[PDB]
Amino acid sequence: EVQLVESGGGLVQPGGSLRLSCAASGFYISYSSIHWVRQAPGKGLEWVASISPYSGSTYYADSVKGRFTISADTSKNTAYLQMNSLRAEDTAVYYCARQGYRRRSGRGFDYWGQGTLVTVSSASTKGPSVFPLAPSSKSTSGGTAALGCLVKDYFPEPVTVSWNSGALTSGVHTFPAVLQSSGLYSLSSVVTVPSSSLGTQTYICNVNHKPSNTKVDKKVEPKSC
Amino acid sequence: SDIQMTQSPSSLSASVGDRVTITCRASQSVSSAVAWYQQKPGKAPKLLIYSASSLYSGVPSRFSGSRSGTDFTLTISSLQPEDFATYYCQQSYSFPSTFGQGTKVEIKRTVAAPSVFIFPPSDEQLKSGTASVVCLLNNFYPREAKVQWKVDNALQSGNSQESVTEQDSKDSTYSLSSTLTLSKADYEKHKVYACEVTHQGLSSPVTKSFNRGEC
RNA sequence: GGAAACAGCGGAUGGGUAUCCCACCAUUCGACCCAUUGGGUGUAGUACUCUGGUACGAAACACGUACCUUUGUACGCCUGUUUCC
């Protein structure tokens with residue numbers, strides 16, 4: 001019922017600017033404190049800012065004060081975090097969160113947005129190339145063989161991978177992205193399948209790279225011999 | 001002025017049914033203004049406990065929290081499989097608010113040896129000019145594992161990269177991909193590309209390999 | 001007794017005064033309270049203030065309200081002292 005929908009994340013150059021918004025539904029933010037909390041890739045939660053109800057008093061973390069501005073538009077029932085002079089260490093998933101009602105959940109943050117990823121980098125957006133991980137061309141070792149797709153040299157995160165438009169989900173492993181020395185990410189998605197039916201079955205990995213508006217589909221087959 | 005929240009342990013591997021105790025020490029008094037959150041990978045955090053010890057509506061009664069001076073503890077009296085997560089404490093006594101650095105909780109299980117696959121590069125990537133050889137380690141426990149690449153028996157170092165999945169939802173295993181990156185020119189200079197694995201579940205190291213250009 | 005005025009913590013000592021107490025001063029010497037170049041200290045009384053808090057209001061601050069506390073003003077009350085009548 002209560003929801004917080006964030007938007008406005010993306011890739012920004014150092015020194016640049018970005019506005020996040022947090023659209024509330026099922027409650028009105030004018031009666032609650034709204035907070036922003038971020039989480040660097042692979043790190044913990046880090047509180048960023050909050051805005052108090054009825055007074056509009058604002059609070060900010062040490063590292064972002066004077067660079068970030070938090071606000072609430074009660075007419076639109078939406079909160080904002082305006083981020084100026086971004087640096088690379090500001091790269092994070094950004095959540096907005098509701099501080100609950102004083103009598104019901106103390107000062108716990110009882111509702112959270114889905115998060116929006118902000119990447120601060122000089123690197124330009126770059127779409128990925130998708131290459132197949134070919135099945136075992138030798139006989140069956142264990143009754144089953146493994147196949148997959150390699151998604152290489154993209155920026156920024158994320159890529160999402162599915163198989164047969166999501167009909168095939170059992171046994172898939174999509175690995176975390178690795179940052180190559182080139183400054184671009186790569187990841188692999190693999191599946192294990194019965195080797196007895198490789199050449200008579202359709203295997204399409206569905207690669208989506210939203211930051212570049214890229215969608216790729218790759219059929220996977222063992223080669224000539 | 002600033003208040004730090006020191007959370008321990010940073011990680012914990014426990015079995016289903018174990019009592020779990022996570023602690024958080026505030027560097028000065030934060031009265032009772034402490035909350036605990038559960039976060040599963042790729043998800044937003046969920047509130048468990050507020051005001052140091054009050055259970056949030058909807059949260060199972062096996063979760064509890066308590067305060068003694070500046071020490072706050074989260075207890076799960078009987079760890080359940082859906083309780084794998086990272087737990088965070090947070091003080092909201094003063095601004096700026098502070099989170100603890102988190103405790104990642106993972107589930108023990110029996111040793112599982114890895115199943116190994118080797119992957120030669122596709123002809124299409126060869127068109128571009130780089131070669132990616134991939135080694136897949138599938139569904140093993142514990143997490144610790146060793147991959148060494150050999151090319152014509154010559155040991156490789158520093159031209160490989162690894163990636164590990166999170167613990168699986170059902171079987172509580174991991175998977176690992178190791179990618180060997182070489183220029184196409186160096187790929188054609190050598191003949192035998194092999195991937196050798198060491199793990200607790202293997203009495204002897206396992207080797208999957210191929211001969212460059214074997215159709 | 002009746003007004004009217006002024007005052008209100010404890011020594012000690014001294015002075016006078018009393019000449020016993022008692023009053024009356026000076027001096028030092030304390031004690032307690034408080035918001036400490038200082039100020040307050042009969043009152044379990046009131047009402048305004050102010051100091052600092054507690055709580056709630058969809059409310060960490062601000063705002064509103066209630067209560068508590070402190071400061072200081074009146075007012076009432078008790079005790080004196082003086083002058084009268």
Side-chain angles (χ1 to χ4, degrees), chain A residues 1-6 21-38 45-82 95-113, chain B residues 1-7 24-37 44-59 65-72 74 88-100:
Chain A
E1 184 61 326
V2 167
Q3 296 161 27
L4 290 66
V5 178
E6 326 163 31
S21 41
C22 171
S25 87
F27 77 104
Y28 285 80
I29 70 176
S30 76
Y31 305 118
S32 306
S33 286
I34 304 309
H35 297 254
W36 288 93
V37 180
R38 67 181 176 185
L45 299 169
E46 183 188 21
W47 184 81
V48 167
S50 70
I51 175 170
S52 295
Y54 297 104
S55 62
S57 290
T58 53
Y59 305 89
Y60 303 94
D62 293 4
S63 38
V64 310
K65 187 176 196 64
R67 309 188 290 126
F68 294 20
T69 306
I70 189 177
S71 59
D73 184 331
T74 51
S75 318
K76 282 178 183 347
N77 196 27
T78 300
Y80 306 91
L81 183 67
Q82 172 70 46
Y95 298 95
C96 61
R98 192 180 82 164
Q99 186 175 318
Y101 303 104
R102 184 168 53 197
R103 293 184 61 163
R104 293 199 163 89
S105 42
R107 302 174 181 172
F109 296 5
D110 66 346
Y111 286 94
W112 293 66
Chain B
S1 317
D2 278 326
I3 305 181
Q4 295 78 46
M5 299 287 281
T6 311
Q7 180 170 349
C24 185
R25 184 186 171 188
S27 64
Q28 69 197 43
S29 168
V30 299
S31 181
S32 298
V34 167
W36 289 91
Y37 301 87
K46 303 189 159 148
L47 181 67
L48 305 162
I49 303 295
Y50 62 88
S51 290
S53 53
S54 303
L55 188 74
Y56 181 60
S57 176
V59 176
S66 44
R67 168 191 170 184
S68 165
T70 54
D71 300 317
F72 302 79
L74 176 71
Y88 293 94
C89 59
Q90 171 201 25
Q91 74 77 13
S92 304
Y93 174 76
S94 56
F95 296 97
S97 170
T98 316
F99 293 86

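Proteins get letters first, then strands, A, B, ... in listed order; numbering begins at 1 in each.
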If we call a positive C1'-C2'-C3'-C4' torsion north and a negative one south, what is the sugar of [N]?
| N | value |
| --- | --- |
| C:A47 | north |
| C:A18 | north |
| C:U54 | north |
| C:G8 | south |
| C:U81 | north |

Using the rule side-chain hydrogen bond (donor to acceptor under 3.5 Å, both in side chains), only one of B:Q4, B:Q90, B:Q91 pairs with B:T98; which is it?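 With B:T98 as partner, B:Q4, B:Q90, B:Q91 yield a single side-chain hydrogen bond (donor to acceptor under 3.5 Å, both in side chains), made by B:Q91.
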Atom [atom1], compared across [N] and [M]: separation rounded to whole Å:
| N | M | atom1 | result |
| --- | --- | --- | --- |
| C:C84 | C:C9 | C1' | 32 Å |
| C:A59 | C:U54 | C1' | 16 Å |
| C:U37 | C:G8 | P | 22 Å |
| C:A44 | C:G53 | P | 29 Å |
| C:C22 | C:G80 | P | 15 Å |
| C:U79 | C:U43 | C1' | 10 Å |
| C:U46 | C:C63 | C1' | 30 Å |
| C:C32 | C:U65 | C1' | 36 Å |

If we define stacking as six-membered ring centres under 5.5 angstrom apart and planes under 30 degrees, are the neighbouring bases [N] and [M] stacked?
| N | M | result |
| --- | --- | --- |
| C:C22 | C:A23 | yes |
| C:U51 | C:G52 | yes |
| C:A60 | C:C61 | no |
| C:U54 | C:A55 | yes |
| C:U36 | C:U37 | no |

Q.
Check whether A:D73 reaches the backbone of A:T78 with its side chain - one donor and one acceptor, N or O, closer than 3.5 Å.
A.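 No; zero donor-acceptor contacts below 3.5 Å.
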Regarding C:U36, purine or pyrimidine glycosidic angle vs 90° from 0 gives syn
Judged by whether its glycosidic angle lies within 90° of 0, C:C22 is anti
Protein-proximity profile, nucleotides 52-62 of chain C, B/S/- by nucleotide at the 4.0 Å heavy-atom cutoff, equals ----BBBBBBB
- Item | Pair B:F72 and B:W36, ring centroids less than 6.0 Å apart | no
- Are A:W112 and B:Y37 near enough that their ring centres are under 6.0 Å apart? yes
Applying the Watson-Crick and G-U criteria (both distances under 3.5 angstrom) with [ ] for crossing and | for other-strand pairs, one obtains for RNA chain C .((((((((.(((((........))))).)..((...))..((.((((...((((((.....))))))...))))))))))))).
### Message
Within a 6.0 Å radius of atom OH on A:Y101, are there more than 12 heavy atoms belonging to other residues, nucleotides or ligands?
### Response
yes
Margin query: Can you tell me if A:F27 has over 12 outside heavy atoms packed within less than 6.0 Å of its CZ?
Written below: yes
With [X], which residues qualify under salt bridge (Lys or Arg N to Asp or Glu O under 4.0 Å), at least two apart?
| X | answer |
| --- | --- |
| A:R102 | none |
| A:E46 | A:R38 |
| A:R98 | A:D110 |

Would you list the atom pairs, donor with acceptor, under 3.5 Å between side chains in residues 49-58 of chain B and any protein atom, with sequence neighbours excluded?
residue: B:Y50; atom: OH; partner: A:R104; partner atom: O; Å: 3.3

